[PDB]
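So the protein lines, in turn, are chains A and A'. A prime marks a further copy of an entry chain.
Take any residue in the first sequence, note its place counting from 1, add 124, and you have its number in PDB author numbering.
Take any residue in the second sequence, note its place counting from 1, add 124, and you have its number in PDB author numbering.
Heads up, the beta-carbon is just placed ideally off N, CA and C, and yes, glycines get one too.
Data block below; observations after.
There are 2 protein chains.
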Amino acid sequence: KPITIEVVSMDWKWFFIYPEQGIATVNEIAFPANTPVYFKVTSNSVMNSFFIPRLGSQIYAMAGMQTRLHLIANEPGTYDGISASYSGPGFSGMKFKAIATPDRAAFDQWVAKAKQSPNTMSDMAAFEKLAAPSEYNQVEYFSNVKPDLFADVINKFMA
Amino acid sequence: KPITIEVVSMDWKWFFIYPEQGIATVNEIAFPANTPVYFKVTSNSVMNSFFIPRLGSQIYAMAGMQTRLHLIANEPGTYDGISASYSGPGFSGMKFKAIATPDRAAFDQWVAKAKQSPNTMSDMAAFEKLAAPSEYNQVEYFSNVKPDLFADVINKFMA
C-alpha cells in the first residue's frame with residue numbers, strides 16, 4: 125500500500141529512486157492518488173527545497189542528512205514541483221512532475237514503462253555521470269538501480 | 125600591508141582570488157610571513173572547512189554566506205591546508221598549500237609569476253568551466269580576474 129520514494133537533488137535536476145520497484149527517474153514521479161507516499165530526501169549539492177505547492181508539501185534537502193515527508197494526494201492529476209528559488213542559473217530549470225495517477229493499475233503501468241528503459245543506474249560511477257552539471261534535464265527512466273544507492277550517497281558527506 | 129584573499133571551495137579543489145592584486149589561483153596561496161592575511165570564505169558546493177592546522181586556522185565555507193578568518197604567520201615556510209574529512213572520493217585530493225614567504229619582495233615576485241600565466245578568470249562562464257567536477261587538481265594561476273567575482277558567486281545562492 126504505502127509507496128517509498130528516495131529523492132536526491134542533483135545539480136539542476138531531481139533524481140528519484142523507487143527502492144521497492146527497482147527503478148529510478150529524473151524530474152518525474154508517479155504514484156496512485158489516495159495512497160500514502162513516503163519520501164526520503166537528501167541533497168548531493170547545496171541545500172535545496174523539495175516543494176509541491178498544490179499539495180502543501182515542502183521539505184529541505186541537505187547533504188549528509190535524510191529528511192522525510194509523508195504525502196497523500198486525494199485528487200488524481202499531475203502537480204508541478206519546484207525547487208529552491210536561488211537566483212543562480214540552472215536552478216530555474218530545476219522543476220519536476222508529480223503524477224498522482226487515478227488508481228494503482230495506472231501506477232503499475234508507469235513502473236512497466238520504466239522497466240522497459242535500456243539505460244540503468246547500477247553503480248556509483250553511473251551515479252556521478254548523471255550527477256555531473258546539467259541544466260533543463262528531460263525526464264528519464266532507469267529499469268535497474270543499485271539496491272542501497274540512497275545510503276551510498278549520504279555516506280559521501282559523513283565527517 | 126594587509127593581504128585580502130577570497131576563497132571558494134569548488135568540487136574537489138580550492139579556488140583563491142586576490143582582489144587587490146588581480147590574480148586568482150587553484151590549490152595554492154602565498155603571502156608574506158608576519159603580515160595580516162584577511163580571508164573571505166564561501167562555498168560553491170556543500171559546506172566545507174578551510175583548515176590550516178599548523179596555523180590553528182579553521183573556518184567553515186558555506187554557499188550563500190561569507191565567513192572571515194584573520195591570520196598572521198610568524199615563521200616563514202609552506203604550510204599544508206586540508207579540507208573537510210568527508211568520506212567521499214574527491215574530498216581526499218582537496219588539499220592546498222600555504223606559502224608564508226620570508227618577506228614581501230618574495231610575495232611581490234609570486235604575484236609576478238602569476239601575472240605571467242596565459243590563462244585568465246575574466247567571466248562567469250570561465251568560472252563554471254573551472255567549477256566543473258575535477259579531482260586532484262594541480263596548482264594553476266590566472267593573470268586576470270573579473271573584479272567582483274566573489275560577490276557574483278554568493279549571489280548564486282541568495283533565496
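Three-state secondary structure assigned by DSSP to residue i
i, result
"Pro177 of chain A", "helix"
"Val165 of chain A'", "strand"
"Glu144 of chain A", "coil"
"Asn198 of chain A", "coil"
"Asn279 of chain A'", "helix"
"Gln182 of chain A", "strand"
"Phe274 of chain A", "helix"
"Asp204 of chain A", "strand"
"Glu259 of chain A'", "coil"
"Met171 of chain A", "coil"
"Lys125 of chain A", "coil"
"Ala238 of chain A", "helix"
"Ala250 of chain A", "helix"
Close-in-space but distant-in-sequence residues of the same chain around residue i (CB under 7 Å, 5 per side omitted)
i, result
"residue 108 of chain A'", "Only positions 125 to 283 of chain A' appear in the structure, and residue 108 of chain A' is not among them; the question remains open."
"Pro200 of chain A", "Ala157, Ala224, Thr225 and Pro226"
"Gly212 of chain A'", "none"
"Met282 of chain A'", "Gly188"
"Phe231 of chain A", "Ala154, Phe155, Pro156 and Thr225"
"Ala256 of chain A", "none"
Chain D within 8 Å of residue i, Cβ atoms only
i, result
"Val170 of chain A'", "Absent from the structure is chain D; the protein chains it does hold are A and A'."
Cβ-based burial, residue i [other Cβ within 10 Å; buried from 16]
i, result
"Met189 of chain A'", "exposed"
"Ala187 of chain A", "buried"
"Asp135 of chain A", "buried"
"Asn243 of chain A'", "exposed"
"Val263 of chain A", "exposed"
"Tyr260 of chain A", "exposed"
Beta-carbon separation (whole angstroms), residue i vs residue j, contact threshold 8 Å
i, j, result
"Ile206 of chain A'", "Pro160 of chain A'", "So it is not a contact: roughly 23 Å between Cβ atoms."
"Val150 of chain A'", "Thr191 of chain A'", "No, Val150 of chain A' and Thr191 of chain A' are not in contact; Cβ-Cβ is about 20 Å, not under 8 Å."
"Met218 of chain A'", "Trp138 of chain A'", "7 Å"
"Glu152 of chain A'", "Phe274 of chain A'", "Contact doesn't hold; Cβ gap of about 18 Å is too wide."
"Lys280 of chain A", "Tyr210 of chain A'", "6 Å"
"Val170 of chain A", "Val277 of chain A'", "The pair is not a contact, with the Cβ atoms about 12 Å apart (cut-off 8 Å)."
Neighbourhood of residue i by C-beta distance below 8 Å, restricted to the same chain and skipping five residues each side
i, result
"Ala197 of chain A'", "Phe155, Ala157, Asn158, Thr159, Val161, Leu179, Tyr203, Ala222 and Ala224"
"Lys125 of chain A'", "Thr159 and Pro160"
6 Å Cβ shell around residue i - same chain, five flanking residues per side excluded
i, result
"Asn172 of chain A'", "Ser133, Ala185, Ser207 and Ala208"
"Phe174 of chain A", "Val131, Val165, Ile183 and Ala185"
"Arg228 of chain A'", "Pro156"
"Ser167 of chain A'", "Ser133, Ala185, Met186 and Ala187"
Worksheet item: Of the residues that make up the stretch 175-187 of chain A', which ones have a beta carbon closer than 7 Å to any beta carbon in chain A?
Response: Taking 7 Å as the cut-off between beta carbons, the residues of the stretch 175-187 of chain A' near chain A are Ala187, in sequence order.
Discussion item. Which residues of the stretch 199-218 of chain A' have a Cβ closer than 7 Å to any Cβ of chain A? Give them in chain order.
Written reply: Against chain A - using a Cβ distance shorter than 7 Å - the residues of the stretch 199-218 of chain A' are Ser209, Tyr210, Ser211 and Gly212.
Fill in: Members of the stretch 248-272 of chain A' that neighbour chain A once the beta carbon cut-off is set at 7 Å
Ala256 and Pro257
Worksheet item: Going along the stretch 130-142 of chain A in order, which residues come within less than 8 Å of chain A', judged by CB to CB distance?
Response: Residues of the stretch 130-142 of chain A that bring their beta carbon within less than 8 Å of a beta carbon in chain A' are absent altogether.
Practice prompt. Below 9 Å between beta carbons is the criterion; list the residues of the stretch 155-169 of chain A that meet it against any residue of chain A', in chain order.
Written response: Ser167, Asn168 and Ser169
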